[PDB]
$ cat query.cif   # mmCIF, C-alpha atoms
data_input
#
loop_
_atom_site.group_PDB
_atom_site.id
_atom_site.type_symbol
_atom_site.label_atom_id
_atom_site.label_comp_id
_atom_site.auth_asym_id
_atom_site.auth_seq_id
_atom_site.Cartn_x
_atom_site.Cartn_y
_atom_site.Cartn_z
ATOM 1 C CA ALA A 682 -24.356 -14.917 30.176
ATOM 2 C CA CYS A 683 -27.340 -13.940 28.002
ATOM 3 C CA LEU A 684 -27.035 -10.162 28.308
ATOM 4 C CA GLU A 685 -29.198 -7.195 27.259
ATOM 5 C CA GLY A 686 -28.211 -4.290 25.030
ATOM 6 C CA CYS A 687 -27.675 -3.084 21.468
ATOM 7 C CA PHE A 688 -26.626 -5.851 19.061
ATOM 8 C CA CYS A 689 -27.105 -6.344 15.318
ATOM 9 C CA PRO A 690 -28.172 -9.467 13.359
ATOM 10 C CA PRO A 691 -25.895 -12.529 13.208
ATOM 11 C CA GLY A 692 -24.731 -11.934 9.612
ATOM 12 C CA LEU A 693 -23.237 -8.649 10.849
ATOM 13 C CA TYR A 694 -20.319 -8.380 13.282
ATOM 14 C CA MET A 695 -19.131 -5.270 15.078
ATOM 15 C CA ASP A 696 -16.606 -2.825 13.599
ATOM 16 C CA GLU A 697 -14.515 -0.340 15.557
ATOM 17 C CA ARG A 698 -16.280 2.648 13.965
ATOM 18 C CA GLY A 699 -19.782 2.194 15.398
ATOM 19 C CA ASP A 700 -21.252 0.353 12.453
ATOM 20 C CA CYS A 701 -21.285 -3.458 12.323
ATOM 21 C CA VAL A 702 -20.273 -5.314 9.179
ATOM 22 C CA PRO A 703 -20.216 -8.785 7.622
ATOM 23 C CA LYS A 704 -17.145 -10.927 8.142
ATOM 24 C CA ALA A 705 -15.859 -9.991 4.640
ATOM 25 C CA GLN A 706 -14.304 -6.680 5.785
ATOM 26 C CA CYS A 707 -13.804 -7.671 9.422
ATOM 27 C CA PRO A 708 -10.138 -6.837 10.164
ATOM 28 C CA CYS A 709 -7.532 -8.845 12.039
ATOM 29 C CA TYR A 710 -5.889 -7.827 15.326
ATOM 30 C CA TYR A 711 -2.610 -9.757 15.053
ATOM 31 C CA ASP A 712 -0.189 -8.717 17.805
ATOM 32 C CA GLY A 713 -2.494 -5.754 18.395
ATOM 33 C CA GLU A 714 -1.975 -4.592 14.828
ATOM 34 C CA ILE A 715 -5.217 -3.750 13.039
ATOM 35 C CA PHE A 716 -4.706 -5.176 9.553
ATOM 36 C CA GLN A 717 -7.165 -4.431 6.779
ATOM 37 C CA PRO A 718 -9.220 -7.278 5.269
ATOM 38 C CA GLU A 719 -6.599 -8.004 2.563
ATOM 39 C CA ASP A 720 -3.022 -7.559 3.817
ATOM 40 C CA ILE A 721 -0.475 -10.163 2.646
ATOM 41 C CA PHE A 722 2.266 -10.057 5.120
ATOM 42 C CA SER A 723 5.624 -11.694 5.775
ATOM 43 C CA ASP A 724 9.083 -11.424 7.231
ATOM 44 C CA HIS A 725 11.865 -13.547 5.677
ATOM 45 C CA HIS A 726 10.959 -16.743 7.548
ATOM 46 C CA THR A 727 7.220 -16.601 8.290
ATOM 47 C CA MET A 728 4.279 -16.087 5.944
ATOM 48 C CA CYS A 729 0.971 -14.649 7.080
ATOM 49 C CA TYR A 730 -2.230 -13.061 5.826
ATOM 50 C CA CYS A 731 -5.612 -11.785 7.015
ATOM 51 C CA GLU A 732 -8.527 -13.372 5.155
ATOM 52 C CA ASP A 733 -11.897 -12.619 6.793
ATOM 53 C CA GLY A 734 -11.158 -11.735 10.431
ATOM 54 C CA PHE A 735 -8.764 -14.548 11.284
ATOM 55 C CA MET A 736 -4.997 -14.228 10.896
ATOM 56 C CA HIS A 737 -3.703 -17.205 8.810
ATOM 57 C CA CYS A 738 -0.014 -17.567 9.661
ATOM 58 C CA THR A 739 2.314 -20.290 8.406
ATOM 59 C CA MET A 740 6.083 -20.854 8.418
ATOM 60 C CA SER B 353 8.548 30.530 -14.377
ATOM 61 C CA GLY B 354 7.824 32.022 -17.783
ATOM 62 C CA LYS B 355 5.943 35.100 -16.590
ATOM 63 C CA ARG B 356 6.918 38.695 -15.917
ATOM 64 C CA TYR B 357 6.793 40.729 -12.710
ATOM 65 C CA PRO B 358 7.394 44.478 -12.202
ATOM 66 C CA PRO B 359 10.332 45.772 -10.154
ATOM 67 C CA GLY B 360 10.049 46.123 -6.407
ATOM 68 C CA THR B 361 7.775 43.085 -6.118
ATOM 69 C CA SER B 362 8.468 40.446 -3.471
ATOM 70 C CA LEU B 363 7.403 36.904 -4.280
ATOM 71 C CA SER B 364 7.984 34.343 -1.545
ATOM 72 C CA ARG B 365 9.095 30.777 -1.941
ATOM 73 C CA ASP B 366 8.163 28.448 0.894
ATOM 74 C CA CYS B 367 11.752 28.819 2.104
ATOM 75 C CA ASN B 368 12.257 32.599 1.961
ATOM 76 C CA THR B 369 11.566 35.793 -0.021
ATOM 77 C CA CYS B 370 13.084 37.407 -3.101
ATOM 78 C CA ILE B 371 12.743 40.929 -4.531
ATOM 79 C CA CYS B 372 13.230 42.289 -8.056
ATOM 80 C CA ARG B 373 15.792 45.070 -8.526
ATOM 81 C CA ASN B 374 17.484 45.824 -11.868
ATOM 82 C CA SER B 375 16.388 42.535 -13.488
ATOM 83 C CA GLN B 376 18.048 40.647 -10.607
ATOM 84 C CA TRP B 377 16.034 38.958 -7.882
ATOM 85 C CA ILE B 378 17.872 39.419 -4.601
ATOM 86 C CA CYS B 379 17.407 36.552 -2.152
ATOM 87 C CA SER B 380 18.210 35.462 1.387
ATOM 88 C CA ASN B 381 20.020 32.221 2.243
ATOM 89 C CA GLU B 382 18.379 31.429 5.583
ATOM 90 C CA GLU B 383 17.722 27.749 6.233
ATOM 91 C CA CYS B 384 14.222 26.285 6.067
ATOM 92 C CA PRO B 385 12.808 23.006 7.354
ATOM 93 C CA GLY B 386 13.324 19.673 5.664
ATOM 94 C CA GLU B 387 10.938 16.809 5.064
ATOM 95 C CA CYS B 388 11.910 13.174 4.843
ATOM 96 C CA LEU B 389 9.019 11.172 3.417
ATOM 97 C CA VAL B 390 8.005 7.546 3.055
ATOM 98 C CA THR B 391 4.954 6.558 1.033
ATOM 99 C CA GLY B 392 3.536 4.155 -1.516
ATOM 100 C CA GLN B 393 5.441 0.919 -1.490
ATOM 101 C CA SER B 394 9.073 1.833 -0.947
ATOM 102 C CA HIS B 395 9.519 5.347 -2.312
ATOM 103 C CA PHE B 396 11.639 7.573 -0.089
ATOM 104 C CA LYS B 397 12.496 11.252 -0.066
ATOM 105 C CA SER B 398 15.538 12.648 1.673
ATOM 106 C CA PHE B 399 15.688 15.905 3.570
ATOM 107 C CA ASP B 400 17.706 17.332 0.666
ATOM 108 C CA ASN B 401 14.808 16.730 -1.775
ATOM 109 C CA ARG B 402 16.355 13.559 -3.204
ATOM 110 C CA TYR B 403 14.141 10.731 -4.384
ATOM 111 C CA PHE B 404 15.059 7.042 -4.499
ATOM 112 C CA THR B 405 13.757 3.559 -3.707
ATOM 113 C CA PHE B 406 14.984 0.629 -1.606
ATOM 114 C CA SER B 407 12.769 -2.444 -1.239
ATOM 115 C CA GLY B 408 14.437 -4.036 1.757
ATOM 116 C CA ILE B 409 12.608 -6.157 4.325
ATOM 117 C CA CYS B 410 13.976 -5.567 7.825
ATOM 118 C CA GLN B 411 13.969 -2.933 10.574
ATOM 119 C CA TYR B 412 15.799 0.025 9.035
ATOM 120 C CA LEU B 413 16.765 3.326 10.599
ATOM 121 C CA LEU B 414 15.077 6.372 9.078
ATOM 122 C CA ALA B 415 16.482 9.296 11.049
ATOM 123 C CA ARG B 416 18.576 9.983 14.119
ATOM 124 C CA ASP B 417 20.251 12.875 15.870
ATOM 125 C CA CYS B 418 23.910 12.021 15.531
ATOM 126 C CA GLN B 419 26.053 14.530 17.476
ATOM 127 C CA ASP B 420 23.759 14.305 20.466
ATOM 128 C CA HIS B 421 20.946 11.772 20.786
ATOM 129 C CA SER B 422 17.754 13.778 21.201
ATOM 130 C CA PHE B 423 15.789 11.148 19.248
ATOM 131 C CA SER B 424 15.936 8.230 16.824
ATOM 132 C CA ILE B 425 13.328 6.855 14.404
ATOM 133 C CA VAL B 426 13.204 3.299 13.072
ATOM 134 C CA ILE B 427 11.054 2.096 10.191
ATOM 135 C CA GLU B 428 10.049 -1.543 9.715
ATOM 136 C CA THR B 429 9.468 -2.841 6.192
ATOM 137 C CA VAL B 430 7.628 -5.944 5.010
ATOM 138 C CA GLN B 431 6.514 -7.407 1.742
ATOM 139 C CA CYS B 432 2.986 -6.205 1.226
ATOM 140 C CA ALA B 433 1.465 -8.100 -1.722
ATOM 141 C CA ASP B 434 2.089 -11.159 -3.870
ATOM 142 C CA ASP B 435 4.875 -9.592 -5.949
ATOM 143 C CA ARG B 436 8.419 -9.323 -4.655
ATOM 144 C CA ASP B 437 8.621 -5.684 -5.809
ATOM 145 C CA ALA B 438 6.033 -4.494 -3.280
ATOM 146 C CA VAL B 439 7.482 -3.657 0.137
ATOM 147 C CA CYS B 440 5.224 -1.325 2.130
ATOM 148 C CA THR B 441 5.686 0.093 5.603
ATOM 149 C CA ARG B 442 4.030 -1.670 8.540
ATOM 150 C CA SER B 443 5.141 0.166 11.666
ATOM 151 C CA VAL B 444 7.582 2.856 12.742
ATOM 152 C CA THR B 445 9.202 3.180 16.157
ATOM 153 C CA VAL B 446 10.159 6.419 17.896
ATOM 154 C CA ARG B 447 12.516 6.861 20.826
ATOM 155 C CA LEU B 448 13.033 9.826 23.162
ATOM 156 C CA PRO B 449 16.031 9.544 25.533
ATOM 157 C CA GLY B 450 14.870 12.868 27.022
ATOM 158 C CA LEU B 451 11.696 11.401 28.584
ATOM 159 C CA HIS B 452 12.090 8.091 30.475
ATOM 160 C CA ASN B 453 14.036 6.802 27.453
ATOM 161 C CA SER B 454 10.567 5.646 26.439
ATOM 162 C CA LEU B 455 9.604 3.831 23.231
ATOM 163 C CA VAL B 456 6.646 4.943 21.134
ATOM 164 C CA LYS B 457 5.275 2.715 18.382
ATOM 165 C CA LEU B 458 2.975 3.766 15.563
ATOM 166 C CA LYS B 459 1.009 0.735 14.434
ATOM 167 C CA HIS B 460 -0.581 -0.399 11.189
ATOM 168 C CA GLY B 461 -3.899 1.160 12.133
ATOM 169 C CA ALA B 462 -4.183 4.678 13.472
ATOM 170 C CA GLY B 463 -3.031 3.327 16.833
ATOM 171 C CA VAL B 464 -0.090 4.102 19.071
ATOM 172 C CA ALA B 465 1.582 2.223 21.918
ATOM 173 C CA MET B 466 3.891 3.598 24.605
ATOM 174 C CA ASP B 467 6.002 0.814 26.129
ATOM 175 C CA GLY B 468 3.516 -1.846 25.049
ATOM 176 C CA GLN B 469 0.479 0.014 26.412
ATOM 177 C CA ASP B 470 -2.198 1.132 23.982
ATOM 178 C CA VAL B 471 -3.237 4.757 24.433
ATOM 179 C CA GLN B 472 -6.243 6.956 23.714
ATOM 180 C CA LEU B 473 -5.585 10.160 21.835
ATOM 181 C CA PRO B 474 -4.703 12.907 22.860
ATOM 182 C CA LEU B 475 -1.590 12.178 24.945
ATOM 183 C CA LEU B 476 -0.313 15.461 26.441
ATOM 184 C CA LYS B 477 2.759 14.472 28.363
ATOM 185 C CA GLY B 478 5.241 17.284 29.109
ATOM 186 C CA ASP B 479 6.841 17.746 25.682
ATOM 187 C CA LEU B 480 5.323 15.449 23.064
ATOM 188 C CA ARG B 481 1.751 15.835 21.851
ATOM 189 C CA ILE B 482 -0.010 13.080 19.923
ATOM 190 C CA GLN B 483 -3.443 13.756 18.480
ATOM 191 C CA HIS B 484 -5.559 12.918 15.497
ATOM 192 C CA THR B 485 -5.556 15.360 12.587
ATOM 193 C CA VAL B 486 -8.647 14.513 10.522
ATOM 194 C CA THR B 487 -9.651 11.727 12.957
ATOM 195 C CA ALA B 488 -7.984 9.415 10.401
ATOM 196 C CA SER B 489 -4.287 10.201 10.933
ATOM 197 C CA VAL B 490 -2.007 10.556 13.937
ATOM 198 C CA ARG B 491 0.351 13.513 14.425
ATOM 199 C CA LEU B 492 3.189 13.353 16.928
ATOM 200 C CA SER B 493 4.730 16.664 17.982
ATOM 201 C CA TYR B 494 7.794 16.626 20.255
ATOM 202 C CA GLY B 495 8.819 20.122 21.264
ATOM 203 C CA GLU B 496 8.598 22.612 18.411
ATOM 204 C CA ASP B 497 11.379 21.029 16.307
ATOM 205 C CA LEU B 498 9.698 17.751 15.300
ATOM 206 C CA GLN B 499 6.505 16.462 13.685
ATOM 207 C CA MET B 500 5.342 13.167 12.211
ATOM 208 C CA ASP B 501 2.360 11.724 10.339
ATOM 209 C CA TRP B 502 0.396 8.497 10.018
ATOM 210 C CA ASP B 503 2.074 5.107 9.606
ATOM 211 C CA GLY B 504 -1.131 3.126 9.274
ATOM 212 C CA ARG B 505 -1.011 2.253 5.581
ATOM 213 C CA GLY B 506 2.468 3.773 5.215
ATOM 214 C CA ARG B 507 2.713 7.517 4.518
ATOM 215 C CA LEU B 508 5.262 8.484 7.145
ATOM 216 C CA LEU B 509 6.460 12.104 7.135
ATOM 217 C CA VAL B 510 8.728 14.225 9.318
ATOM 218 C CA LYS B 511 9.362 17.925 9.916
ATOM 219 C CA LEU B 512 12.794 18.950 11.204
ATOM 220 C CA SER B 513 13.596 22.586 11.898
ATOM 221 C CA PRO B 514 17.025 24.074 11.064
ATOM 222 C CA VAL B 515 18.328 23.534 14.603
ATOM 223 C CA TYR B 516 19.233 20.029 13.358
ATOM 224 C CA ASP C 435 -30.298 20.033 45.763
ATOM 225 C CA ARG C 436 -28.201 19.084 48.764
ATOM 226 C CA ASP C 437 -29.812 15.617 48.860
ATOM 227 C CA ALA C 438 -28.240 14.541 45.561
ATOM 228 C CA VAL C 439 -24.736 13.098 45.915
ATOM 229 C CA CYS C 440 -23.767 10.914 42.948
ATOM 230 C CA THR C 441 -20.553 9.045 42.279
ATOM 231 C CA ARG C 442 -17.899 10.679 40.095
ATOM 232 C CA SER C 443 -14.914 8.339 40.094
ATOM 233 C CA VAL C 444 -13.679 5.205 41.825
ATOM 234 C CA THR C 445 -10.055 4.240 42.402
ATOM 235 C CA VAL C 446 -8.649 0.712 42.474
ATOM 236 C CA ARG C 447 -5.316 -0.421 43.873
ATOM 237 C CA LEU C 448 -3.411 -3.685 43.392
ATOM 238 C CA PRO C 449 -0.339 -4.137 45.640
ATOM 239 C CA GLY C 450 0.275 -7.401 43.746
ATOM 240 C CA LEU C 451 1.181 -5.669 40.454
ATOM 241 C CA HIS C 452 3.597 -2.700 40.690
ATOM 242 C CA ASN C 453 1.406 -1.372 43.521
ATOM 243 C CA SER C 454 -0.269 0.404 40.614
ATOM 244 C CA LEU C 455 -3.299 2.709 40.778
ATOM 245 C CA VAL C 456 -6.226 2.308 38.400
ATOM 246 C CA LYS C 457 -8.859 5.025 38.096
ATOM 247 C CA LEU C 458 -12.299 4.672 36.550
ATOM 248 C CA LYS C 459 -13.412 8.077 35.325
ATOM 249 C CA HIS C 460 -16.741 9.811 34.821
ATOM 250 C CA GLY C 461 -16.925 8.668 31.218
ATOM 251 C CA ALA C 462 -16.260 5.100 30.181
ATOM 252 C CA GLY C 463 -12.551 5.856 30.515
ATOM 253 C CA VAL C 464 -9.783 4.390 32.625
ATOM 254 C CA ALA C 465 -6.350 5.646 33.656
ATOM 255 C CA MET C 466 -3.407 3.634 34.973
ATOM 256 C CA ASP C 467 -0.987 5.870 36.888
ATOM 257 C CA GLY C 468 -2.243 8.982 35.110
ATOM 258 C CA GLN C 469 -2.002 7.451 31.626
ATOM 259 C CA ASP C 470 -5.177 7.042 29.605
ATOM 260 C CA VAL C 471 -5.567 3.588 28.079
ATOM 261 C CA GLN C 472 -7.358 1.967 25.154
ATOM 262 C CA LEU C 473 -9.477 -1.056 25.934
ATOM 263 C CA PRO C 474 -8.696 -4.006 26.184
ATOM 264 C CA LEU C 475 -5.800 -4.003 28.670
ATOM 265 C CA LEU C 476 -4.550 -7.594 29.108
ATOM 266 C CA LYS C 477 -1.779 -7.313 31.630
ATOM 267 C CA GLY C 478 -0.869 -10.534 33.476
ATOM 268 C CA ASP C 479 -3.802 -10.824 35.890
ATOM 269 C CA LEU C 480 -6.336 -8.032 35.415
ATOM 270 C CA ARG C 481 -8.463 -7.732 32.292
ATOM 271 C CA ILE C 482 -10.329 -4.536 31.450
ATOM 272 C CA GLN C 483 -12.686 -4.511 28.490
ATOM 273 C CA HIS C 484 -15.945 -3.020 27.378
ATOM 274 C CA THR C 485 -19.097 -5.075 27.899
ATOM 275 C CA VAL C 486 -21.728 -3.535 25.608
ATOM 276 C CA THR C 487 -19.231 -0.937 24.299
ATOM 277 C CA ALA C 488 -20.889 1.383 26.852
ATOM 278 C CA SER C 489 -19.560 -0.007 30.149
ATOM 279 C CA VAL C 490 -16.165 -1.052 31.466
ATOM 280 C CA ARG C 491 -15.553 -4.366 33.250
ATOM 281 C CA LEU C 492 -12.415 -4.931 35.293
ATOM 282 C CA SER C 493 -11.524 -8.537 36.101
ATOM 283 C CA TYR C 494 -8.568 -9.228 38.411
ATOM 284 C CA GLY C 495 -7.880 -12.934 38.717
ATOM 285 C CA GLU C 496 -11.043 -15.008 39.004
ATOM 286 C CA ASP C 497 -12.099 -13.624 42.415
ATOM 287 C CA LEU C 498 -12.985 -10.035 41.458
ATOM 288 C CA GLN C 499 -15.144 -8.100 38.993
ATOM 289 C CA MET C 500 -16.341 -4.516 38.661
ATOM 290 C CA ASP C 501 -18.666 -2.431 36.488
ATOM 291 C CA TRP C 502 -18.978 1.070 35.065
ATOM 292 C CA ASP C 503 -18.423 4.193 37.165
ATOM 293 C CA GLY C 504 -19.251 6.658 34.421
ATOM 294 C CA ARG C 505 -22.612 7.933 35.644
ATOM 295 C CA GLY C 506 -22.308 5.962 38.895
ATOM 296 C CA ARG C 507 -23.487 2.331 38.895
ATOM 297 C CA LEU C 508 -20.477 0.690 40.501
ATOM 298 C CA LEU C 509 -20.737 -3.042 41.237
ATOM 299 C CA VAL C 510 -18.402 -5.723 42.566
ATOM 300 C CA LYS C 511 -18.237 -9.520 42.589
ATOM 301 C CA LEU C 512 -16.291 -11.195 45.398
ATOM 302 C CA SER C 513 -15.981 -14.966 45.562
ATOM 303 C CA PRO C 514 -16.133 -16.844 48.897
ATOM 304 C CA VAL C 515 -12.338 -16.928 49.234
ATOM 305 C CA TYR C 516 -12.758 -13.474 50.836
#

$ encode --input "query.cif" --output "structure tokens"
Amino acid sequence: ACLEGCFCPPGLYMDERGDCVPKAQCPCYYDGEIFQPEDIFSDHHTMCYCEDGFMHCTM
Amino acid sequence: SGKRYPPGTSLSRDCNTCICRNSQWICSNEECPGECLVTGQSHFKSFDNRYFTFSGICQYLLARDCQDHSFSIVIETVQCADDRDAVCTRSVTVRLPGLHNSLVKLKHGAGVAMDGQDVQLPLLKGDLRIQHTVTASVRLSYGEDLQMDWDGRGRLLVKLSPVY
Amino acid sequence: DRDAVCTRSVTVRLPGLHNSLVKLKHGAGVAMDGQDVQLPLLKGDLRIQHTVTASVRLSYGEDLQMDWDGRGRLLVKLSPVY
């Protein structure tokens, strides 16, 4: 719905640590794992990275 | 270390004490706790104060009790930047056959997960304590013969007492 | 006063999943079978997550909701299947 509470402007999205931040340093939550905004990441067979909040996996 | 001390003094290494008598420091030989260490990219330290490096990408064992099976630790390594010579630690797994044969998992943040379930810190079960240290780093403590440290960005430590 | 009896904690029970025992506590905390839990908690059916980051919201299936029992404003939402 259209709820009531404490938000912050649209350019800013919420961080875990009480502040809200732009989507530049908005981490990824891949498989639960809280990856930092720049974490290149791969097993032998996959290839994955966190860009701006979304987790860009390939194969 | 290139400086003099009078006789009868007792300087103390971290391990034990030593006393000067007739230009000959006497010393004890009682064991003192070891520290395996992982940090940086792939730089290890053994309990016996060795250093080396091994940039493998799989789930490797790190430590284990090997005459009985009180515990077992398992690191997991991944490439961690564009280069091939950059293999940082992502997550470490811990296992306690003495309590449910559970399965703890330190994750790439400051988070922990028991048997898939995320958990708020602290976590006083019977033996093992898990709590923040500076509110930026986890610290497991099973019994009095085991410690750990954060595996978020990969600076795993241990503390084993001489019972092992 | 004697005429002031607020809510401390509410307990929830699901015989359909382990016959578990959820417990909403006087903060914004939750405890499954004694174990504290970080939010969210996607098990199969029930979802538990913050709402404004100041109030929990259980959601079992699509026929059940809840609301925070920290300082005592418990709600429910039951659909007409019940």

$ closest_atom_pairs --input "query.cif" --of "chain B" --to "chain C" --cutoff "9 Å" --atoms "only C-alpha atoms" --output "Markdown table"
| residue | atom | partner | partner_atom | distance |
| --- | --- | --- | --- | --- |
| B:469 | CA | C:471 | CA | 7.2 |
| B:470 | CA | C:472 | CA | 5.4 |
| B:471 | CA | C:471 | CA | 4.5 |
| B:472 | CA | C:472 | CA | 5.3 |
| B:473 | CA | C:470 | CA | 8.4 |
| B:474 | CA | C:470 | CA | 9.0 |
| B:475 | CA | C:470 | CA | 7.8 |

$ closest_atom_pairs --input "query.cif" --of "chain C" --to "chain A" --cutoff "10 Å" --atoms "all atoms listed in the file" --output "Markdown table"
| residue | atom | partner | partner_atom | distance |
| --- | --- | --- | --- | --- |
| C:485 | CA | A:684 | CA | 9.4 |
| C:486 | CA | A:686 | CA | 6.6 |
| C:487 | CA | A:687 | CA | 9.2 |
| C:488 | CA | A:686 | CA | 9.4 |

$ write_last_selection --input "query.cif" --atoms "C-alpha atoms" --output "mmCIF file, keeping the file's coordinate frame"
data_model
loop_
_atom_site.group_PDB
_atom_site.id
_atom_site.type_symbol
_atom_site.label_atom_id
_atom_site.label_comp_id
_atom_site.auth_asym_id
_atom_site.auth_seq_id
_atom_site.Cartn_x
_atom_site.Cartn_y
_atom_site.Cartn_z
ATOM 1 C CA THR C 485 -19.097 -5.075 27.899
ATOM 2 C CA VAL C 486 -21.728 -3.535 25.608
ATOM 3 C CA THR C 487 -19.231 -0.937 24.299
ATOM 4 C CA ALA C 488 -20.889 1.383 26.852
#

$ interface_residues --input "query.cif" --of "chain B" --to "chain A" --cutoff "10 Å" --atoms "all atoms listed in the file" --output "PyMOL selection string"
chain B and resi 409-410+429-434+439-440+442-443+458-465+468+470+504-505

$ write_last_selection --input "query.cif" --atoms "C-alpha atoms" --output "compact mmCIF listing (two decimals), keeping the file's coordinate frame"
# COMPACT_ATOMS: atom_id res chain seq x y z
CA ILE B 409 12.61 -6.16 4.32
CA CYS B 410 13.98 -5.57 7.82
CA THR B 429 9.47 -2.84 6.19
CA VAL B 430 7.63 -5.94 5.01
CA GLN B 431 6.51 -7.41 1.74
CA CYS B 432 2.99 -6.20 1.23
CA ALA B 433 1.46 -8.10 -1.72
CA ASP B 434 2.09 -11.16 -3.87
CA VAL B 439 7.48 -3.66 0.14
CA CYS B 440 5.22 -1.32 2.13
CA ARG B 442 4.03 -1.67 8.54
CA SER B 443 5.14 0.17 11.67
CA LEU B 458 2.98 3.77 15.56
CA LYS B 459 1.01 0.74 14.43
CA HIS B 460 -0.58 -0.40 11.19
CA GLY B 461 -3.90 1.16 12.13
CA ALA B 462 -4.18 4.68 13.47
CA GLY B 463 -3.03 3.33 16.83
CA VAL B 464 -0.09 4.10 19.07
CA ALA B 465 1.58 2.22 21.92
CA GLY B 468 3.52 -1.85 25.05
CA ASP B 470 -2.20 1.13 23.98
CA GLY B 504 -1.13 3.13 9.27
CA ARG B 505 -1.01 2.25 5.58

$ atom_distance --input "query.cif" --atom1 "CA of residue 412 (chain B)" --atom2 "CA of residue 490 (chain B)"
21.3 Å

$ residues_around --input "query.cif" --residues "region 437-446 of chain C" --least-positions-apart "4" --cutoff "6 Å" --atoms "only C-alpha atoms" --output "PyMOL selection string"
chain C and resi 455-460+506

$ write_last_selection --input "query.cif" --atoms "C-alpha atoms" --output "PDB file, keeping the file's coordinate frame"
ATOM      1  CA  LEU C 455      -3.299   2.709  40.778  1.00  0.00           C
ATOM      2  CA  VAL C 456      -6.226   2.308  38.400  1.00  0.00           C
ATOM      3  CA  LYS C 457      -8.859   5.025  38.096  1.00  0.00           C
ATOM      4  CA  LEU C 458     -12.299   4.672  36.550  1.00  0.00           C
ATOM      5  CA  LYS C 459     -13.412   8.077  35.325  1.00  0.00           C
ATOM      6  CA  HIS C 460     -16.741   9.811  34.821  1.00  0.00           C
ATOM      7  CA  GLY C 506     -22.308   5.962  38.895  1.00  0.00           C
TER       8      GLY C 506
END
